[PDB]
Amino acid sequence: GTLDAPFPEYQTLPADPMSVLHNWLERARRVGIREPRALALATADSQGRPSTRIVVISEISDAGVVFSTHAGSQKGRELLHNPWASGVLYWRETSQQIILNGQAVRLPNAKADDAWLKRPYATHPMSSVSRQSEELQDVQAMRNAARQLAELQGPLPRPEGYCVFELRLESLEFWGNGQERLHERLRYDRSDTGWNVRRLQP
Amino acid sequence: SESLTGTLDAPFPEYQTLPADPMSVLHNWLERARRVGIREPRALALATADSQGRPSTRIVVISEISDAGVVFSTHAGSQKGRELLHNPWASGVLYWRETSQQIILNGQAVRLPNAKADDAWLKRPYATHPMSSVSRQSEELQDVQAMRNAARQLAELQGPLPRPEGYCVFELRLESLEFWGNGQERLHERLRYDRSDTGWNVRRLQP
Ligand SMILES: Cc1cc2nc3c(=O)[nH]c(=O)nc-3n(C[C@H](O)[C@H](O)[C@H](O)COP(=O)(O)O)c2cc1C
Ligand SMILES: Cc1cc2nc3c(=O)[nH]c(=O)nc-3n(C[C@H](O)[C@H](O)[C@H](O)COP(=O)(O)O)c2cc1C
């Protein structure tokens, strides 16, 4: 409640939520919100049990948001059989949330190559040696094998399984704290002609 | 940009020692967070799922840590409430930027008796009662001013209101948890617990 938190969209109801999304992220970066792109990303298994973890949104796309992960991780396995996902951004400084609902699709390997090459190279060793989310049987062995690759110069090859997902959005909500506890919820839903928009009760 | 910003020391001896009882690790971490001044440590990004297994998320606050798990309150008619009533399975993550810690909490949410919900409602500062009484959380809001005006009328009272129908307390009774620390040299420290027939199985996970 500590930085300014303007929400004129709640009055004016903009037609295109992708444009609001881009505006909120720009405002977050320029006012210096701490890790605004840390998304709590929910997926579910074949019984419909949810799982969560943080991932970083690396781009906004025409259809949604983009992140990278490993295909054999829990989220990658869930996504493979059930593409429906939801993520939330929560910015403590302005008391704002963004809720993002949709289906995530794995992008082609060339896109993954590029994502990999644009990471700081210090991240290649461990992300190459680790099989994300599998049982870790020997900590020291992993540390030693990664140190072997850390010593090398330049980028490493993209490991099989390193992959990029686009979460193509079917609904979003923008949430602000409002006045007198009337929290402001702007809710958008894709239609076959564009986007529908409504306010929700707090 | 993909970088974490945490700089506070965050001792994670439990990654080496593998305590048998994961709720002790949850208590340690939460108490550490309290002592070092983490901002809103208990803002929980909670996921539930609809009848087709499609997830939804929002932040709720963990109001208590119980023997079985963690407690929060909400409205039974909300999206999360309707989802939990049909599919009790849920997952929440806490993430603390200052220490680079994450806590993932998975299990089944059970609605606790009304006496519990009465208690929880009463413990709320009564200033929160007016808006929570007039709002049917997550249904469309047709007229913002009518809502504001109606709460303001109730706020005249300057005291506790009766608990609304729908106001409720869920306990998330945990079946699995992960404690995640940044570790050294990007070997992120992942301590994973899963309920057994008695006690818990524990393992480490690859970063
Ligand atoms: C701030 C933060 C950002 C993270 N960003 C990513 C990311 O973008 N991609 C990723 O695979 N894991 C990321 N992780 C690690 C994930 O939370 C998780 O440990 C890993 O992806 C395995 O999740 P899973 O076992 O649920 O599939 C991040 C962790 C933290 C705490
Ligand atoms: C910091 C913060 C804490 C919140 N705590 C709660 C809470 O504990 N209980 C609750 O019902 N909603 C809480 N909310 C509001 C929810 O995020 C959400 O707007 C509301 O519960 C409706 O969720 P739903 O439509 O997905 O069911 C909180 C919001 C913020 C940003």
Side-chain angles (χ1 to χ4, degrees), chain A residues 1-25 27-28 31 88-101 169 171-191 193-202, chain B residues 43 56-61 73-82 117 120-122 124-168:
Chain A
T2 224
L3 301 176
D4 288 334
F7 197 176
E9 306 94 336
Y10 187 74
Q11 279 85 236
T12 64
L13 308 176
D16 174 14
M18 291 311 293
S19 167
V20 178
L21 205 213
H22 158 109
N23 294 334
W24 280 44
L25 286 164
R27 182 172 42 84
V31 307
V88 52
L89 298 171
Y90 171 45
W91 303 335
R92 279 159 178 78
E93 304 91 319
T94 53
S95 306
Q96 289 166 320
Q97 318 176 79
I98 309 182
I99 302 145
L100 302 172
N101 306 306
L169 287 179
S171 56
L172 306 75
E173 173 188 330
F174 300 87
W175 186 103
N177 196 43
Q179 346 297 325
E180 316 158 59
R181 313 204 91 263
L182 205 166
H183 311 309
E184 299 173 357
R185 310 181 57 184
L186 203 53
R187 168 58 185 234
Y188 289 88
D189 286 84
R190 253 182 88 211
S191 57
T193 70
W195 293 91
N196 292 328
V197 67
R198 60 174 60 192
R199 302 184 182 88
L200 308 182
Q201 301 178 42
Chain B
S56 67
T57 55
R58 74 300 288 174
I59 299 293
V60 299
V61 174
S73 78
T74 186
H75 300 283
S78 56
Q79 189 175 166
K80 82 190 80 53
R82 291 182 287 99
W121 179 256
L122 200 65
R124 285 177 44 143
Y126 69 75
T128 65
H129 293 187
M131 194 69 54
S132 304
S133 310
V134 304
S135 173
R136 292 165 47 90
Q137 184 168 250
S138 317
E139 304 188 0
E140 188 168 357
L141 175 53
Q142 310 278 4
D143 185 339
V144 171
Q145 266 305 330
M147 177 166 281
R148 189 177 302 295
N149 288 170
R152 191 221 313 98
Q153 183 57 217
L154 291 174
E156 254 196 32
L157 179 57
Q158 303 281 176
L161 296 166
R163 183 181 60 82
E165 72 114 272
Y167 184 85
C168 66

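Side-chain atoms are counted along with the backbone in the values below, which use heavy atoms only and exclude waters and symmetry mates. Naming convention: chains lettered A, B, ... in sequence-line order (proteins, then strands); numbering from 1 in each chain.
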To the nearest 0.5 Å, tell me how far [X] [atom1] sits from [Y] [atom2].
X: A/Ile98; Y: A/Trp175; atom1: CD1; atom2: CH2; answer: 13.0 Å
X: A/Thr2; Y: A/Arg92; atom1: OG1; atom2: CZ; answer: 13.0 Å
X: A/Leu3; Y: A/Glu93; atom1: CG; atom2: CD; answer: 6.0 Å
X: B/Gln79; Y: A/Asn101; atom1: CD; atom2: CG; answer: 7.0 Å
X: B/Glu139; Y: A/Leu200; atom1: CD; atom2: CG; answer: 10.0 Å
X: A/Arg198; Y: A/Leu186; atom1: CZ; atom2: CG; answer: 11.5 Å

Minimum heavy-atom distance [X]-[Y], with the two atoms named:
X: B/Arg82; Y: B/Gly77; result: NE-O, 3.3 Å
X: A/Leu21; Y: A/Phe174; result: N-CZ, 3.7 Å
X: B/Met131; Y: A/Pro202; result: CG-CG, 4.3 Å
X: A/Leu182; Y: A/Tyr10; result: CD2-OH, 4.0 Å
X: B/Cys168; Y: B/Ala76; result: SG-N, 3.7 Å
X: A/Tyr188; Y: A/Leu13; result: OH-C, 4.2 Å

Which pairs would a plain distance check flag for residues 151-165 of chain B, meaning a side-chain donor or acceptor within less than 3.5 Å of a matching protein atom at least two apart in sequence or in another chain?
residue, atom, partner, partner atom, Å
B/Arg152, NH1, B/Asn149, O, 3.4
B/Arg163, NE, B/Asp118, OD1, 2.8
B/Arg163, NH1, B/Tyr167, O, 2.8

Contact between [X] and [Y] at the side-chain level, heavy atoms closer than 4.5 Å - yes or no?
X: B/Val144; Y: A/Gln11; value: no
X: A/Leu172; Y: A/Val20; value: no
X: B/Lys80; Y: B/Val60; value: yes
X: A/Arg199; Y: B/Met147; value: no
X: B/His75; Y: B/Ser135; value: no
X: A/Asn177; Y: A/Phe7; value: no

* Around atom CZ of A/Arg190, are there more than 12 heavy atoms of other residues, nucleotides or ligands at under 6.0 Å? ->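 Open.
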* Just wondering, more than 12 heavy atoms not from B/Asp143 lying within 6.0 Å of its CG? ->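 Atom CG in B/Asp143 is crowded, with more than 12 foreign heavy atoms closer than 6.0 Å.
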Ignoring hydrogens and geometry, is there a side-chain-to-backbone donor-acceptor pair from [X] to [Y] under 3.5 Å?
X: A/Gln97; Y: B/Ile59; answer: yes
X: B/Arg148; Y: A/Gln179; answer: yes
X: B/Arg58; Y: A/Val88; answer: no
X: B/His129; Y: B/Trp121; answer: yes
X: A/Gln201; Y: B/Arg136; answer: yes
X: A/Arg187; Y: A/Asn196; answer: no

* Structure fact -> The side-chain contact (heavy atoms from CB on, under 4.5 Å) partners of B/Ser138 (sequence neighbours excluded) come to A/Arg185, B/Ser78
